[PDB]
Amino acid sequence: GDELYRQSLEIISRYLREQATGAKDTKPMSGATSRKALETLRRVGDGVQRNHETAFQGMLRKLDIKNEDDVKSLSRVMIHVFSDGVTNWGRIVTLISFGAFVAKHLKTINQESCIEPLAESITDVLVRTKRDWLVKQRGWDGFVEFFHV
């Protein structure tokens, strides 16, 4: 995906590590288009883990994530849930927020090494399945606008 992929991997990766563990990545992060996306994501996102906790918990249970090898096998189930039907920014937040929910879990069991791979995985599925649509919304820029004020 090049630019779209590089940008999405940064937003999602930082958001997931931010979610499990505190704290920002101080490194400046080819655009402030990314900073604006992280913040929109940070605010619209924290609700979702709240509201869907039971369901999220159930899904994680089925998944059985213990190690890095398990994270590498999640793509098919991840595409399965994501690509059915209608696309919107809200569905994307849900893909990303679960990813953050899964990421928190990864930390608890001291597998924080797995988070980067989880992010790569999520970004692959997002850009592969929804690429054309995303380009149409202008990508991350379209995202911040859709949720603005």
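Sequential numbering from 1, following the sequence displayed. We call the rigid core the largest set of C-alpha positions that still match within 1.5 Å between the two forms.
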(request) Find the stretch among 99-107 and 45-53 with the larger RMS C-alpha deviation in 6 other deposited structures of this protein, all structures being superposed on the shown form by the rigid core. (result) 45-53
(message) Rigid core superposition, C-alpha RMS per stretch in 6 other deposited structures of this protein: which comes out larger, 118-126 or 60-68?
(response) 60-68
(request) Count, per the entry, the deposited residues between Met29 and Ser30 that are not modelled, and return the matching class: none, 1 to 3, 4 to 9, or 10 or more. (result) 1 to 3
(message) Please compare 120-128 with 106-114 and name the stretch with the higher mean C-alpha B-factor in the deposited structure.
(response) 106-114
(request) Compare the mean C-alpha B-factor of 4-12 with that of 139-147 as given in the PDB entry, and name the stretch with the higher value. (result) 139-147
(request) Specify which of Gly58, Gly90, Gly99, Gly85 carries the largest Cα B factor in the deposited PDB entry. (result) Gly85
(request) Could you say whether, by C-alpha temperature factor, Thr40 belongs to the lowest, middle or highest third of its chain? (result) middle
(message) For the chain shown, is the CA B-factor of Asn51 in the lowest, middle or highest third of its modelled residues?
(response) highest
(message) By the recorded C-alpha temperature factor, relative to the other modelled residues in its chain, which third is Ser34 in?
(response) middle
(request) Place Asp64 in the lowest, middle or highest third of its chain's C-alpha B-factors, as listed in the PDB entry. (result) middle
